[PDB]
């Protein structure tokens, strides 16, 4: 009944989220963020970063029905960016590019979300998230 209409609305967001995540992942610049960080080159990511994230993990989380709101999905694109700034020093040019792309990834994601997605449509998602986190 109601739970019906609900999942039709979620399925729709969940579809959009795949398309944003495909767009960010094709982008040349965001390539370093499309894999999980390796611990071969980086022998200390996990001692420095307590919550790793990447774009392919986001992909799967979409299919795992983890993102109830666009805001939830941005919570994880946001964690991509803060992870980079928290890990990489910004003196070396090499270090700096990554830093740049992380801010850019974040800004790109938000602008897309800000521009393609109907404000009325978020409100519906959030009203569904608060419902499912109850009864």
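Heads up, when I say rigid core I mean the largest set of C-alphas that superpose within 1.5 Å between the two forms. Residue numbers count along the first chain shown, from 1.
**Request:** May I ask which stretch, 70-78 or 87-95, sits farther from the shown form in 4 other deposited structures of this protein once every structure is superposed on the core, judging by RMS CA distance?
**Result:** Higher root mean square deviation of C-alphas in 4 other deposited structures of this protein is shown by 87-95.
**Item:** Stretch with larger C-alpha RMS deviation in 4 other deposited structures of this protein, core superposed, 59-67 versus 36-44
**Value:** Comparing 59-67 with 36-44, the larger C-alpha deviation in 4 other deposited structures of this protein belongs to 36-44.
**Request:** Could you check the entry and say whether 44-52 or 75-83 has the higher mean CA B-factor?
**Result:** The entry gives the higher C-alpha B-factor average to 44-52.
**Prompt:** Where do the C-alpha atoms have the higher mean temperature factor in this entry, in 34-42 or in 64-72?
**Reply:** It is 34-42 that shows the higher mean C-alpha B-factor.
**Request:** Would you check the entry's CA temperature factor for residue 95 and let me know if it's in the chain's lowest, middle or highest third?
**Result:** CA B-factor rank for residue 95: middle third.
**Request:** Within this chain's modelled residues, let me know which third the CA B factor of residue 17 belongs to: lowest, middle or highest.
**Result:** For residue 17, the deposited C-alpha B-factor lands in the lowest third.
**Message:** What third of the chain does residue 117 rank in for C-alpha temperature factor, lowest, middle or highest?
**Reply:** Residue 117: CA B-factor falls in the highest third of its chain.
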